[PDB]
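Notes follow once the structure below has been shown.
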There are 4 protein chains.
Amino acid sequence: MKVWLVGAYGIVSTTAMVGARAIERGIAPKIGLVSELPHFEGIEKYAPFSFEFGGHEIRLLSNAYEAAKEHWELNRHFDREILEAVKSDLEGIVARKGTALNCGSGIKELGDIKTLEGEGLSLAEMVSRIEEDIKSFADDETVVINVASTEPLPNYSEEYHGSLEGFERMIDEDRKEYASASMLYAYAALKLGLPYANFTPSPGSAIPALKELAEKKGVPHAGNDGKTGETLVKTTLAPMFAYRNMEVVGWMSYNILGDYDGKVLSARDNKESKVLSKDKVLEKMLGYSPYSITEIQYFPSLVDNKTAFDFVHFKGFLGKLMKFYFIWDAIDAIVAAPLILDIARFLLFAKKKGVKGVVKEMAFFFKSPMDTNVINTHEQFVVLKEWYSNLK
Amino acid sequence: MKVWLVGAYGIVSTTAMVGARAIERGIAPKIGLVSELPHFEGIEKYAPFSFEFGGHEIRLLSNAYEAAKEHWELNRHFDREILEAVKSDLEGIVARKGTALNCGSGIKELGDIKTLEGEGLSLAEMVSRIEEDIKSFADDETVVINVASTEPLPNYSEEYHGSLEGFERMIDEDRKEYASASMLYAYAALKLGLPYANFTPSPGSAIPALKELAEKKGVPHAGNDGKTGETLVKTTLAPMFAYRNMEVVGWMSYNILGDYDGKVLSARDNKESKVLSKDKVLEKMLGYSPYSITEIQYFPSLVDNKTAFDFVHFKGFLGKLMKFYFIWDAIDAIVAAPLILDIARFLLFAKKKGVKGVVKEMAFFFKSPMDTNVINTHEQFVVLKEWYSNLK
Amino acid sequence: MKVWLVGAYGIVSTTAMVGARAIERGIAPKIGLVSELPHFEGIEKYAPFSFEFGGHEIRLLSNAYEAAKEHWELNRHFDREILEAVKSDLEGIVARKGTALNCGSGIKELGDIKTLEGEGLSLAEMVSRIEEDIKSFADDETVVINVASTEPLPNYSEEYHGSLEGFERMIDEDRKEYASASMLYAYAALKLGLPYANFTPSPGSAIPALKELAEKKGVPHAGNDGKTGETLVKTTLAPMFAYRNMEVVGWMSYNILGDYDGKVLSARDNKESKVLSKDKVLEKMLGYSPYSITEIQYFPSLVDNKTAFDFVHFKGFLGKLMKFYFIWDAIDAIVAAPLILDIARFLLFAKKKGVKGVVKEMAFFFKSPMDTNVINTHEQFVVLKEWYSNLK
Amino acid sequence: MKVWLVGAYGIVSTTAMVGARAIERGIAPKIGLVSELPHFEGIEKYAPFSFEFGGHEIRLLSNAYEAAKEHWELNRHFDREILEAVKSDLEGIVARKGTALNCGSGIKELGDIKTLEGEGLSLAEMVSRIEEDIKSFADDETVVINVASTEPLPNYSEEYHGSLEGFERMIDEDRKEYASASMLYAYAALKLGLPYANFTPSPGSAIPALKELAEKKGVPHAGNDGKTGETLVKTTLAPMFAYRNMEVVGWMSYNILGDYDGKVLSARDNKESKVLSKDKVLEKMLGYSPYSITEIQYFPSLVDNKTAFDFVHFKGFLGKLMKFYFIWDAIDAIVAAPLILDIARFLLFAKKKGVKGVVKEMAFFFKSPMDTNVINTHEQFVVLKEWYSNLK
Ligand SMILES: NC(=O)c1ccc[n+]([C@@H]2O[C@H](COP(=O)([O-])OP(=O)(O)OC[C@H]3O[C@@H](n4cnc5c(N)ncnc54)[C@H](O)[C@@H]3O)[C@@H](O)[C@H]2O)c1
Ligand SMILES: NC(=O)c1ccc[n+]([C@@H]2O[C@H](COP(=O)([O-])OP(=O)(O)OC[C@H]3O[C@@H](n4cnc5c(N)ncnc54)[C@H](O)[C@@H]3O)[C@@H](O)[C@H]2O)c1
Ligand SMILES: NC(=O)c1ccc[n+]([C@@H]2O[C@H](COP(=O)([O-])OP(=O)(O)OC[C@H]3O[C@@H](n4cnc5c(N)ncnc54)[C@H](O)[C@@H]3O)[C@@H](O)[C@H]2O)c1
Ligand SMILES: NC(=O)c1ccc[n+]([C@@H]2O[C@H](COP(=O)([O-])OP(=O)(O)OC[C@H]3O[C@@H](n4cnc5c(N)ncnc54)[C@H](O)[C@@H]3O)[C@@H](O)[C@H]2O)c1
Ligand SMILES: [K+]
Ligand SMILES: [K+]
């Protein structure tokens, strides 16, 4: 199948790409792949484990391997043997000039940046470019996944964001104001009849406009922020107290990271996005709002080794307060990189099973699920499970 | 409803007894009460929150206020203000001499408190008086909960505990060695047709003999080792890793504390039982067996402050290892106590719905679920929600 | 001896008060007291354990005990017996209406409080009044200490703070724009030839203009900002790396609490002073500046149980990266309180040994030691051991 | 300078060998070296940085290079490319068959490997071979260091271990029952006018028979258990509540690993030796003997990356108990490796300065230091400073 990646040079895109061909070459085991669990067997008939990549990007590199070798020097999240060996497959992957419209002043790492608006461009011609780039790559088994970096919180207007006739006029009114980059991608792909997936905390297809579109064109889309490590753990441990009819007092979340992602989440603009999702998760799991603290600080030495520090203050039986801590220590590119593949694969399956509109049974992967207030891990996982069952 | 408690002076028995009144008295919230959760609405038409207690005990102390007193001063797990408002009551509840038998090794610190073995009553005699105080205690709504010390691995008899003739023959042929104090209390309770629950890792009513002596009497019994906190977290977070298809390479479980629990668990006799119960757990939650280490250690200064250090070493995409920690800091007696009243309330209802034999669907409370393989908390929680549902 | 405490009603203050009588009487041990370490044996002939109390307050309570209860009733930071024993003494202690000149944004409560600054007073009639309660109270063996709410970064004016005649001028000039609370407290005591010390990060006597008026008066003042919890460990553990020639790439520091302490140190004004002492420490111990983050966040669940989480990322041989974690779990008031009485006897003894001005040999108690660069805890502990001996 | 290493095919020997070459090539930094700290400037006059490597191994292979590569294979504790660079050098390092006369009865790999002690040779017959391997390599700049597998306690005698004559007689009297493998090396070093160092919890030259051997042999020696991971932290943080007169109630030391160190320490007679130095620490530093548990457990998945879990339960002012945690995440090999050089260099210095017998001032490198009680890390460091200055 073919995958069209946004921000195709990121640590997670290339972990994907390196991963996919490592397994295809029967080199790498398939650990992490949710699509490979014993409950979804048979999925190879509609979504076999075979991949073809391409996509947009705004970082100036040669191809996809030279972007993959870069992040590896910093983190080395996989042995040098798997990279050299997949060095060839990716020398042919070459991202194309994309757009970065309204994505925070937390952006600065490319002296060269004459990209979309860089070239004195219009909404119209920008959309035509992106459309023309996915178009020439896309086939019948193609999926578009946003994996670029955290954008700020755009200001929704129901005029240009609340009716496909609006957003389409927003493009004709050259309204670069309300237009965000992650909307152009979703609109691009949903337009082209391709299934879309948003791993990032950006709105993307998460607007009324770009909901009316898929549904009107029969496209099953899904997302709103990979739930890959910390938040996984909190959406898995919080209901534990609701089951034991204890009350939580305060939850503290504290995360420190330093590569391109930690780099952009530095400011309180774009960072302000993703922070939210990992905060609000808790109300909708308990039915009460404990005092919650969630912060993400820069920490250059860890690079992609996202570390997270949690403490939960909880009360039981006789009014007592008690205490629970956990430290998460992993490399984001490892817990996220399969998800990008599981997603493509469930989305391809969905497409073929006549699934259109949003896939609220894919909540399992995301921390801001569209059209659902299912946050509990084993409960999302059951819904994910009972969905497939019902379509097999 | 009434509740007989073997181990009447324990910190869990008094703290259950302390809260029971303090709530019925209106001087305490209903925090931590699983049967108080909105789901189980209307169970109070069968078992309303109203208790009266009594029980067996080897540590001879004056009344019930005294014991609770003794524990509040080491642990202070609630307010002394409550201590004295629960004064009159617990002054009232007086324990009865029970039996200690062929198993316990750390089960001796209350000096020459020798009772049954010190002199020489007969097996059938103790069981006679044992059933005496109970029988005389019981009534319509009596539930027999064993919340006493933990005995070691019960040297099982294929000729004695394999059938009712057996146990009834041992009990007559005075086969004292294959006999343990808790098999006893479970025999009397059941033989009187009163529901039974094993909050310890002790055999209790796990043998065939007693099971078949429960089936025949039409009585419901169900439990084995309350599932309180560390282990409670081990079966809520373990399925995480499985949900996402990660391998689990090692789990470290190190527990510390030393009131009366950590005391007897200085010896590996009755210590083995409890620990084994937290370890085997992992296997059936993910199908494979990671290298496991589980240890309980005497730390007197923490007393009931059961504190735990756990660590999960797991493998992701491409084989990268990743690390995960958590520490648990609390009083076993406050997170234990409301699961004594819950089970009792739960054990009544089931009775008045016609239930008999091992309530397999009550596994949600114990780490050693009788007659079932469902260890996952969310699996157990849903089950329970259901088993009530069909019996409503 | 006699002791005046700015902010007599705070939690530290009364934990020093309560403990004092608790120990004067014989109903508590002297554990945690530094002047009771063998080395300083013979200090009692100069500063024996016996205390008389007074202070200033802007949070009018009827008496010290009344303030001892609210901090206790939320924190239960010591036995109820100790309090019950002391209540009668603390009830006899009454705070005198204090100043709040330039106390940044955090001092929200009194709202409309009138009796000192707010009572239409000038700075002249003000400064004298603060000198008229410590005039009357104080004798020959009195000493002044600041354990008040933290004060924001003081806008430094070299005219009125760089000269003693300037600060005088400041007074009849009603120069409240350069005047802050501590400064006038610290100005009065020193006026009075009364030894003075500062437990808060506030400038207090840490201006040129006061170092002069003290030496010109012949009085020994001390420190700045008490070093009670996490910077204690920092200035203890960091050199471990320096002595082992490893390099610190980054240090995380995160603290949470939620009482008055938390309250005012919830805003940028006040809390900026605290952080900087905390964080800055690192620079002076290893001789290099690694990446370091120091934060404080308002957790209204812990209160004075301030909890801190630290992360150290270090390199050794061959450039390999390594990590070390730690969590600080203790009551602030309790690790602070003994310090107060120590600083008291260590001040009189200076007074009694002739010493005037900054006693930079008491660096050991603080985060920002006045006039010195000894920040290593064992360094400042030898120093202070040296200093007693020489004056001895 | 020459350095002969017992247990030369170990990850720690190998790491110092790799890091040595690397550094002398100007291609590897100087981090981790105590001897390269400014204070010790001029050290270069007697013991520059250049090493010549040889040593004894009982698991003889082709060279040091394939042993280093093996270790690297699993641990990956340094840049792949450094081993290539150094490769040709270690390749030309071929240890010889050492000997493990009495290591208990718990090894698992050296199987058929024994051209030495396992070839039918007397005590006297093995020494003269062992003494013949180090001489052939030795000069006047050569030193012998012990970094072999840990050993259980030995069967001491007042006749064989209490005198070099009584000892010597034990060698040509075939009393193999007393002859430790370590003593046979240290004895071989020292009896050649060569300095020795013991980085293990194993005996070595720490018996009166050999302590006296170096006095008359006019050779300095030192060590017994190089203090690296956790225990460095212990003797560095424990003094902290001393200075503040706080009381240490209990300390918990929980270490997990799994290489040839972890593999060997399986049993406890072996484990006896190590945990001892990992326990006696606290009493010898505080004056207090708190409740201490020091434990070490296998966990194959961590290989060399030893992981320590410690907890301190400490009492404060008005009896307040409070807690302190921390986690040591790091690689054993890497922190210990540079110490081997250091110890080596500081051993050369002491020989040129006429120092014979134990070098008590070298105590800063060890957790079991000979002939002194100074355990304190800051105390051991200063003591190393002045010892060198004195000899400067
Ligand atoms: N565990 C995790 O990895 C995880 C989990 C949840 C969310 N996420 C989110 O995934 C996203 C990407 O993660 P990452 O670690 O790979 O960060 P990254 O910055 O390394 O990858 C972003 C890549 O996209 C490029 N890019 C940025 N804006 C773009 C645009 N408008 N058009 C095209 N390319 C653009 C960037 O220059 C870079 O090449 C972030 O939003 C992050 O918050 C990651
Ligand atoms: N969170 C927890 O407390 C929890 C969870 C899992 C299992 N358990 C098990 O439940 C038990 C009780 O816990 P605890 O903290 O109150 O221990 P405890 O020592 O405080 O109380 C045990 C009580 O049982 C009494 N007893 C012991 N043997 C007896 C006998 N033969 N007959 C009558 N009385 C007897 C003891 O003297 C004491 O009064 C232990 O066996 C423990 O292993 C506890
Ligand atoms: N471990 C700690 O508790 C600790 C450690 C080091 C430094 N500090 C700092 O020292 C102070 C004492 O801490 P705390 O927890 O006791 O806070 P606190 O609020 O309990 O004590 C402050 C007290 O001083 C009073 N006060 C404040 N400003 C005043 C003024 N201008 N005049 C008169 N009274 C005034 C307050 O109303 C209150 O009674 C804080 O500034 C804190 O930042 C605290
Ligand atoms: N952080 C540190 O690494 C640390 C700290 C304290 C102590 N130590 C000690 O240093 C030593 C080396 O550590 P390692 O982790 O590299 O272990 P390692 O097992 O990988 O290396 C030990 C080596 O000694 C060899 N050996 C064992 N018995 C021998 C004998 N009789 N004669 C000759 N060679 C023999 C083994 O074959 C092996 O190559 C161990 O005793 C360890 O406990 C290391
Ligand atoms: K990432
Ligand atoms: K090691």
Side-chain angles (χ1 to χ4, degrees), chain A residues 250 252 311 313 321 323, chain C residues 5-19 31-34 67-68 70-78 106 145-150 198-202 223-236 253-266 270-271 273-275 277-278 294-310 326-343 365-368, chain D residues 240-241 244-246 312 314-325:
Chain A
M252 159 201 89
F311 160 69
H313 217 195
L321 311 161
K323 267 140 169 227
Chain C
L5 298 105
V6 169
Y9 278 165
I11 198 208
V12 154
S13 122
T14 46
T15 293
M17 294 204 197
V18 181
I31 280 135
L33 290 159
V34 173
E70 158 198 21
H71 300 137
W72 197 87
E73 183 91 37
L74 302 157
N75 289 283
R76 329 248 139 158
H77 34 134
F78 46 88
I145 294 154
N146 183 48
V147 280
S149 60
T150 257
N198 179 8
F199 210 66
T200 86
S202 138
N224 249 9
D225 202 322
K227 182 160 72 158
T228 62
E230 164 182 274
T231 308
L232 209 221
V233 198
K234 187 185 276 239
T235 68
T236 311
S253 295
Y254 200 52
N255 287 246
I256 25 134
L257 63 353
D259 214 18
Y260 290 111
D261 21 52
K263 301 237 147 216
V264 154
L265 248 118
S266 91
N270 322 71
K271 165 169 147 301
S273 305
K274 196 142 228 240
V275 170
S277 351
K278 296 189 66 127
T294 277
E295 305 245 356
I296 306 153
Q297 307 285 297
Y298 171 57
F299 214 65
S301 201
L302 287 153
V303 183
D304 189 80
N305 186 201
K306 197 226 217 192
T307 293
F309 318 77
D310 279 56
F326 82 72
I327 312 156
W328 179 264
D329 190 11
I331 305 313
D332 261 2
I334 274 310
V335 298
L339 303 188
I340 295 348
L341 320 176
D342 284 3
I343 283 158
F365 298 103
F366 324 79
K367 271 198 274 155
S368 276
Chain D
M240 138 133 133
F241 335 78
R244 292 294 213 197
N245 192 4
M246 289 200 280
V312 186
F314 68 90
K315 191 174 288 129
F317 203 42
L318 278 156
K320 208 32 230 267
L321 291 156
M322 291 161 304
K323 305 144 164 185
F324 179 71
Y325 324 64

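These values consider heavy atoms only, across backbone and side chains, with no hydrogens, waters or symmetry-generated copies. Labels below follow one simple rule: chain letters A, B, ... track the order of the sequence lines, proteins then strands, and each chain is numbered from 1.
Shown here are the side chain to side chain contact (heavy atoms under 4.5 Å, CB included) partners of C:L257, two or more places apart in sequence or in another chain: C:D261, C:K306. For C:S301, the side chain to side chain contact (heavy atoms under 4.5 Å, CB included) test picks out A:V249, A:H313, C:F299, with sequence neighbours left out. A search for salt bridge (charged side-chain N to carboxylate O under 4.0 Å, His left out) contacts involving D:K320 returns nothing, not counting sequence neighbours. Residues meeting the side chain to side chain donor-acceptor pair (under 3.5 Å) test with C:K367, sequence neighbours left out: C:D225. Residues passing the ring pair (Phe, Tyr, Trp, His ring centres under 6.0 Å) test with C:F309: none are found, sequence neighbours excluded. Residues satisfying the side chain to side chain donor-acceptor pair (under 3.5 Å) criterion with C:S202, sequence neighbours excluded, are C:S182. Scored by the side chain to side chain contact (heavy atoms under 4.5 Å, CB included) test, C:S266 finds C:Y298 as partners (sequence neighbours excluded). Annotation: ring pair (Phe, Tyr, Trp, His ring centres under 6.0 Å) contacts of C:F365 (sequence neighbours excluded): C:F346. Contacts of C:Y254 classified as side chain to side chain donor-acceptor pair (under 3.5 Å), with partners at least two apart in sequence or in another chain: A:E295. Residues that satisfy the side chain to side chain donor-acceptor pair (under 3.5 Å) test with C:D310, not counting sequence neighbours, are C:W251, C:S253. Applying the side chain to side chain contact (heavy atoms under 4.5 Å, CB included) test to C:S368 and every residue at least two apart in sequence or in another chain returns C:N224, C:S277.
Between C:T14 and C:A8, the closest heavy-atom pair is CG2-O, 3.8 Å. Across all non-hydrogen atoms, the minimal contact from C:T228 to C:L232 is O-CD1, 4.0 Å. Pairing each heavy atom of C:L5 with each of C:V147, the nearest pair is CD2-CG2, 3.8 Å. Here the closest heavy-atom approach between residue C:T15 and residue C:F78 is recorded as OG1-CE2, 4.3 Å.
The OG1 atom of C:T200 sits 4.0 Å away from atom CG of C:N146, with the distance rounded to the nearest 0.5 Å. Atom-to-atom distance recorded for C:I11:CD1 and C:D304:CG is 3.5 Å, nearest 0.5 angstrom. The distance from atom NZ of C:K227 to atom OG1 of C:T235, rounded to the nearest 0.5 Å, is 3.0 Å. The CE atom of C:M17 sits 8.0 Å away from atom OH of C:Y9, with the distance rounded to the nearest 0.5 Å. C:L302 CG to C:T307 OG1: the interatomic distance, rounded to the nearest 0.5 Å, is 4.5 Å.
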Show me the side-chain donor-acceptor pairs of residues 326-343 of chain C shorter than 3.5 Å, one per line, residues at least two apart or across chains.
| residue | atom | partner | partner atom | Å |
| --- | --- | --- | --- | --- |
| C:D329 | OD1 | A:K323 | NZ | 3.1 |
| C:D329 | OD2 | A:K323 | NZ | 3.4 |
| C:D342 | OD1 | C:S35 | OG | 2.9 |
| C:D342 | OD2 | C:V34 | N | 2.5 |

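Ring geometry for C:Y260 against C:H71 counts as perpendicular: the plane angle is over 60°, on a 0 to 90° scale with 30° as the lower cut.
Here the options are C:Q297, C:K274, C:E230, the test is side chain to side chain donor-acceptor pair (under 3.5 Å), and the partner is C:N255; only C:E230 passes.
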